[PDB]
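Protein chains in written order, with the entry's author numbering: chain A, 9 to 748; chain L, 1 to 140; chain K, 14 to 60; chain 2, 94 to 237; chain 3, 61 to 210. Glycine included, each C-beta is placed from N, C-alpha and C at the ideal position. The structure appears below as structure tokens.
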Amino acid sequence: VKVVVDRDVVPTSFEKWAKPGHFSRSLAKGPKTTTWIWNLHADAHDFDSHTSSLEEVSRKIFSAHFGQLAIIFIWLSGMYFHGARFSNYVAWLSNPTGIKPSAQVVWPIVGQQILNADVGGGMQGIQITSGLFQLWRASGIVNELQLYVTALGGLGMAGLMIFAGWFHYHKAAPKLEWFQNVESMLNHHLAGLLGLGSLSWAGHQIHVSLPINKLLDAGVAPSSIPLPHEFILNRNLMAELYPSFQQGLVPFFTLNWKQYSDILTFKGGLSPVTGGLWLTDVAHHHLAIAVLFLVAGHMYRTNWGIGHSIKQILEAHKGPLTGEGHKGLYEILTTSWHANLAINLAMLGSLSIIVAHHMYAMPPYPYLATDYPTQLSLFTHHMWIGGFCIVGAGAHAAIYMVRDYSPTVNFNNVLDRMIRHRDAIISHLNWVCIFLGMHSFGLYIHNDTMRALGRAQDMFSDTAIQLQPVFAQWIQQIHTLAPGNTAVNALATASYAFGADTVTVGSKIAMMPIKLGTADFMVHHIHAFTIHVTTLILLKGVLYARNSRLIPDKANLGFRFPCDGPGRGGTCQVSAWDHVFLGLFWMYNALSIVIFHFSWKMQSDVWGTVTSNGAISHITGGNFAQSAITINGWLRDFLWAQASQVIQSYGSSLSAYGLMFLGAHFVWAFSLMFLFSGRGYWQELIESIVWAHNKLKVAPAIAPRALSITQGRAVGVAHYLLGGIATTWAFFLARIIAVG
Amino acid sequence: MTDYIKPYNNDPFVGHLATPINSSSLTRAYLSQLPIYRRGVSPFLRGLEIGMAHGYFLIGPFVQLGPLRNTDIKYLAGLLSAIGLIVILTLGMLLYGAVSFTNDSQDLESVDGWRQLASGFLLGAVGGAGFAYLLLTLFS
Amino acid sequence: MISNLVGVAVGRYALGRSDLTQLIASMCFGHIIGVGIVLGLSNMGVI
Amino acid sequence: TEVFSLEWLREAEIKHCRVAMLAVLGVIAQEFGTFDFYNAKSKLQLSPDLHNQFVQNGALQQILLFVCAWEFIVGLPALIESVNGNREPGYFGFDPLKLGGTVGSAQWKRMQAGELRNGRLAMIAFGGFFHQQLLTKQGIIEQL
Amino acid sequence: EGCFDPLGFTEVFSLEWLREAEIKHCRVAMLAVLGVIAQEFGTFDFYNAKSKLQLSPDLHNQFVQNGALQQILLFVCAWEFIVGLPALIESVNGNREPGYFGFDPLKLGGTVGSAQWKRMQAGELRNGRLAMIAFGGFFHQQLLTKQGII
Ligand SMILES: CC1=C(C/C=C(\C)CCC[C@H](C)CCC[C@H](C)CCCC(C)C)C(=O)c2ccccc2C1=O
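Here it is in structure tokens:
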């Protein structure tokens with residue numbers, strides 16, 4: 009802990025921009041090849057492939073942090089603008105049901121004005137599924153002026169970060185000593201960012217809740233809504249809307265906390281007025297998280313001598329099967345900028361998935377559960393984000409054994425054992441994958457056989473009673489009896505997906521006691537199969553990245569290399585980056601099956617309508633009580649009946665989701681050009697075109713060459729994913745708008 | 001005293017050379033006690049128990065889950081499929097000794113003792129399918 | 014009241030052993046033990 | 094701290110301090126006859142919200158933004174190097190600069206005489222002059 | 061000045077470049093007792109009366125006339141002194157400033173010269189440290205019922 013700054017290290021000059029490839033002398037003197045054009049961008053972000061001075065690598069990544077951060081701020085500042093200039097948020101603020109969301113308009117140029125979906129509120133445009141209107145309503149924003157002020161205030165913060173990432177660099181620069189303060193870093197991330205962040209937003213939704221809770225839920229017009237400062241300038245207004253504000257931080261010191269029970273509660277479940285979680289439970293929630301982070305943010309050595317440290321914490325954890333356990337992990341994470349990134353990408357990637365689950369389970373925003381397109385889109389959105397992030401965790405946990413692991417410096421006998429008995433880890437995961445594959449998908453082959461064969465599916469009904477409602481049923485029953493018993497201070501469950509027979513409806517079903525059955529054990533094990541295979545191939549790329557049995561001199565070649573050659577029968581695609589390239593694909597299959605499961609099972613048994621003459625009638629009424637057990641039902645009643653909502657939309661305003669649907673198969677099958685052919689044939693293909701180019705001398709000085717062997721696969725997975733997401737992106741956004 | 005006796009002998013005196021979950025020091029002795037590779041015995045007995053263990057449970061799967069499981073005759077479908085697979089599996093296991101032909105001096109683990117344990121495996125599998133056959137009859 | 018202020022005072026003075034003799038840490042953690050016991054007391058709710 | 098960045102910083106200060114002074118001496122000049130006199134009926138028609146979205150002044154502002162562009166496209170290279178553009182005002186200023194230096198001994202650095210104070214006073218005063226009169230409708234609390 | 065074996069440090073900062081609060085803590089208390097003398101001085105329209113002074117008669121309307129600039133300028137005044145304390149020495153200080161470390165060396169001062177001093181210097185923050193016990197000593201009672209005169 010010391011202010012060690014290296015003021016002025018790199019000057020501010022356009023000289024480097026004049027040279028295409030100033031970041032590497034190898035990518036500057038010889039731009040005579042087409043391959044150099046692609047190498048300039050492939051290595052543009054591989055900062056450890058330029059200079060080795062860590063004082064400069066740390067002063068090239070924190071710059072990219074502020075750069076990406078500025079890009080994100082430019083991105084967020086526009087969202088508040090689009091919901092004010094051309095949108096329907098104010099009309100939707102008055103009438104939330106009949107007015108569909110929209111915040112994007114088209115222009116009359118080539119007849120594209122058909123995309124102007126009639127949403128209502130005196131404004132036509134394109135429907136939105138980003139949850140912007142729910143977030144803005146939960147923030148107390150009503151007038152358009154409050155949008156523009158936030159946007160103009162976002163421009164300032166966006167500019168300050170550009171003048172900051174251009175400050176600690178071309179102007180200032182901390183030394184290398186400022187980065188080994190990981191102890192001082194977690195004391196400011198868990199307390200300054202997480203702590204003060206969970207406290208600052210907590211103090212907001214306590215004084216901004218009543219413009220949403222005790223006003224917009226009563227039935228007052230948006231014009232009759234008072235001003236947020238009129239409630240603060242007069243404490244008695246808050247006192248009347250909540251009879252606890254008369255005190256004004258007096259029992260807070262007296263420890264008479266029960267007198268603050270008008271805003272701070274632990275109700276649970278959802279509110280039968282808004283459509284999501286309670287607006288008072290989240291305020292108390294963030295207060296509870298804020299204090300916990302104010303405590304957890306004081307755990308490591310600053311410059312006063314008290315507290316633990318990542319050093320001796322890991323230097324103390326042992327274990328019989330670990331040997332010299334946990335020691336040296338401090339030197340693992342404090343030396344390699346890479347090393348922090350895999351554990352970050354892993355935790356944050358699983359975090360995006362877990363928060364995606366928490367979205368649909370308990371809807372935290374008002375008018376979010378009924379908004380089916382937004383809910384369906386947001387879950388799978390963070391779902392695929394975490395898929396990419398966890399594979400990036402594998403992508404870099406593979407980088408570590410190759411780029412920053414030494415048999416003399418940094419040492420954990422735990423990681424040593426992960427590489428010493430490395431052939432055992434993957435052997436276990438291999439047999440687990442095969443057992444979960446020959447059965448989970450084996451049972452799919454089995455049931456699809458039983459139906460086309462005849463009376464076998466009839467005798468499978470008793471087994472359909474097995475597995476399903478056998479496990480996890482008691483867990484839901486625990487949560488039914490969890491309030492009152494194991495939760496005396498909770499008058500509702502964690503979510504209405506747990507409370508049996510308890511259905512909350514606001515003209516449209518919000519949540520349902522998700523009665524498992526028929527084939528949830530099937531798809532959950534298809535998930536576990538595609539999860540164990542993904543973990544297997546990525547962990548394989550992690551621990552086999554250093555020591556390999558086939559080729560012993562593995563560290564010499566690198567990370568993003570093609571292979572070795574036709575020897576040994578054939579060494580092909582053996583890099584850890586290829587275990588990530590294929591790891592992206594099994595993650596792709598995993599997340600694809602999970603989004604299919606979530607999306608369709610929702611309208612199967614959860615999403616529906618309600619009438620007084622009856623009870624519950626789903627959009628698609630209880631179909632996957634049989635159409636999920638076999639593979640056919642996944643394209644007989646699932647992938648087949650969806651064409652009636654994506655194609656039957658040219659006569660309406662949903663025509664773009666059909667064009668993108670049919671056009672995403674184009675780029676996906678365009679990936680089938682790179683993932684199947686080889687550079688040898690294509691390189692023989694250029695030289696003929698180069699012959700025609702030498703006939704008229706129209707041959708470029710930059711010698712035409714084929715794509716790199718690794719770059720072709722990188723573009724192949726790029727198209728296999730882009731063409732393999734935009735189809736379901738157009739599909740998830742197809743039916744849910746027609747059946748909304 | 002170099003490094004003080006290998007950081008505590010790699011924690012409380014591990015050792016365990018032929019143990020790491022393949023068979024604990026108790027389980028490796030249990031394998032020597034196990035008849036499939038039993039010490040101090042030869043012709044028939046190294047097998048025999050192999051069949052008396054395999055064919056004994058081969059009746060299990062097809063009694064409750066097999067392609068025939070919904071009438072009163074289904075008590076036989078668990079045995080016919082089992083015995084048919086027993087004949088097939090006996091042929092498949094006997095053929096291994098025919099494929100091997102290098103250790104004709106080591107008659108035990110190659111050809112002689114190999115067939116002189118599969119010979120017990122045939123009677124063990126068929127008989128064991130008949131042993132668990134008469135076990136669930138008195139309760140039905 | 015006085016019983017609650019002395020409750021925090023005894024909850025901060027019950028933290029004066031060998032592992033607590035380090036000034037400010039004994040005071041802050043005292044409130045953690047103080048308010049917490051009060052919240053465990055909470056005008057005697059228990060069960 | 095670096096050269097080429099602080100160059101644009103000190104320049105922008107000078108390139109707007111004169112703008113933040115001719116505007117003050119322009120907004121005050123246009124309202125010198127209507128500052129008080131019953132507070133000009135709360136700025137009278139000079140209230141920006143009362144203007145008709147600048148119907149007649151929009152096409153004029155476009156012409157102004159055009160000419161002002163090349164004006165600063167002359168300020169960008171005239172700063173580059175000393176010769177031509179800045180060199181002739183260079184020795185012009187050197188005529189008062191020599192007398193000012195004679196009054197101030199060895200050299201008397203003119204930038205300490207009043208290049209930064211005027212530059213920052215104009216910016217801060219015009220920033221506050223634009224908020225008190227153009228960014229407050231309801232006062233709530235008395236402003237003193 | 062009576063103590064024995066226990067561990068405990070009076071004042072001192074580990075990095076010891078904490079002049080942002082330490083240097084002004086005796087000066088910040090100068091404008092604290094300004095409120096003790098308070099705004100009323102005798103005759104004319106009195107600004108405030110009795111123990112209420114600070115917040116009961118804090119004026120109903122006070123987010124502007126209680127100067128934002130008045131609070132702003134405090135920070136601006138602090139920036140001149142408090143920001144410039146890591147090092148941030150300016151050229152204006154001194155005559156014949158070139159090679160300033162060589163001219164008129166300072167050094168520790170423990171040797172022979174400048175004997176028996178800094179007692180005066182240390183004297184003020186002693187009162188500032190006295191003040192922290194004494195200040196809140198009157199502040200605990202402010203929360204309570206405050207019957208009559210108190
Ligand atoms: C096509 C193909 C190539 C060749 C790929 C090429 C030539 C990429 C072409 C992409 C560029 C961007 C197209 C050329 C466009 C020029 C850049 C000109 C653009 C100028 C304006 C339009 C901006 C391989 O190298 C290859 C390698 C291994 C397996 C399969 C394949 C394979 O299928």
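Item, Value
"Rank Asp528 (chain A), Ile733 (chain A), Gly641 (chain A) and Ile134 (chain A) by C-alpha distance to the C-alpha of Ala677 (chain A) and give the top, closest one.", "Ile733 (chain A)"
"Within 7 Å of any Cβ in chain A, is that where the Cβ of residue 64 (chain K) sits?", "Because chain K spans 14 through 60 in this model, residue 64 (chain K) falls outside it and cannot be assessed."
"Figure out for me which residue from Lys326 (chain A), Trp25 (chain A) and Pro109 (chain A) has the closest Cα to the Cα of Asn420 (chain A).", "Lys326 (chain A)"
"Below 8 Å on C-beta distance, what does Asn10 (chain L) contact in chain A?", "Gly331"
"Please identify the residue among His212 (chain A), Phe301 (chain A) and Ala464 (chain A) whose C-alpha is closest to the C-alpha of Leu201 (chain A).", "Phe301 (chain A)"
"Given that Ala38 (chain K) touches chain A, what residues does it touch there, using C-beta distances under 8 Å?", "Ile314"
"Kindly say whether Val23 (chain K), judged by its beta-carbon, lies nearer than 7 Å to any beta-carbon of chain A.", "no"
"Measure the alpha-carbon distance for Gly507 (chain A) versus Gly450 (chain A) and round it to whole angstroms.", "34 Å"
"Under 8 Å: do the region 531-545 of chain A and the region 595-604 of chain A share three or more Cβ pairs, one atom per stretch?", "yes"
"Let me know if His404 (chain A) comes out buried or exposed under the rule of 16 or more other beta-carbons within 10 Å of its beta-carbon.", "buried"
"Taking the continuous alpha helix (DSSP H) assigned at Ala38 (chain K), which residues delimit it?", "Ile37 to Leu54"
"If you follow the alpha helix (DSSP H) that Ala22 (chain K) is part of, which residue opens it and which one closes it?", "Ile15 to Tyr26"
"I'd like the ranges of any alpha helix (DSSP H) spanning at least 4 consecutive residues and lying wholly in the region 71-136 of chain 3.", "85-88 and 94-97"
"Going by beta-carbon coordinates alone, are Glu95 (chain 2) and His178 (chain A) separated by less than 7 Å?", "yes"
"Which residue or residues does DSSP assign as beta-bridge partners of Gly616 (chain A)?", "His626 (chain A)"
"What does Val59 (chain K) reach in chain A if we use C-beta pairs closer than 7 Å?", "Ordered by position in chain A, no residue passes the 7 Å Cβ test against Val59 (chain K), which lies about 12 Å from the chain."
"Beta-carbon separation of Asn108 (chain 3) and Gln99 (chain 3) under 7 Å?", "yes"
"Is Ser140 (chain 2) close to chain A, meaning its C-beta is less than 7 Å from at least one C-beta of that chain?", "no"
"What would DSSP say about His605 (chain A), mapped onto helix, strand or coil?", "helix"
"What three-state label does DSSP hand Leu643 (chain A) in the structure shown?", "helix"
"Using CA coordinates, which residue listed in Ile639 (chain A), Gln581 (chain A), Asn497 (chain A) and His673 (chain A) is at the minimum distance from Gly58 (chain K)?", "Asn497 (chain A)"
"When the Cα of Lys275 (chain A) is compared with those of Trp286 (chain A), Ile427 (chain A) and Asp16 (chain A), which residue comes out closest?", "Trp286 (chain A)"
"Just to check, is the beta-carbon of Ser175 (chain 2) closer than 6 Å to a non-hydrogen atom of ligand 1?", "no"
"Using a beta-carbon distance cut-off of less than 7 Å, what residues from the region 404-431 of chain A approach chain L?", "none"
"CB of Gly688 (chain A) to nearest heavy atom of ligand 1: below 6 Å?", "no"
"Does chain A have any CB closer than 7 Å to the CB of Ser74 (chain 3)?", "yes"
"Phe684 (chain A): buried (16+ other C-beta within 10 angstroms of its C-beta) or exposed?", "exposed"
"Report all residues from its chain with a CB closer than 7 Å to the CB of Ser81 (chain L); omit the five preceding and five following residues, and keep chain order.", "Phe62 and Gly66"
"How many angstroms separate the CA atom of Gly92 (chain L) from the CA atom of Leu85 (chain L)?", "10 Å"
"Nearest to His44 (chain K) by CA position, among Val23 (chain K), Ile15 (chain K) and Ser16 (chain K), is which residue?", "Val23 (chain K)"
"Under a three-way DSSP split, which group does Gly573 (chain A) fall into?", "strand"
"Using DSSP bridges, identify the partner residues of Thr20 (chain A).", "The partner list for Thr20 (chain A) (beta bridge, DSSP) is empty, contrary to what the question assumes."
"What three-state label does DSSP hand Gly445 (chain A) in the structure shown?", "helix"
"Check distances from the C-beta atoms of the region 246-274 of chain A to those of chain K and list, in chain order, the residues that come in under 7 Å.", "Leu263"
"Strictly below 8 Å CB to CB, what residues from chain K border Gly68 (chain 3)?", "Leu36"
"What is the DSSP secondary structure of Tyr308 (chain A), reduced to helix, strand or coil?", "strand"
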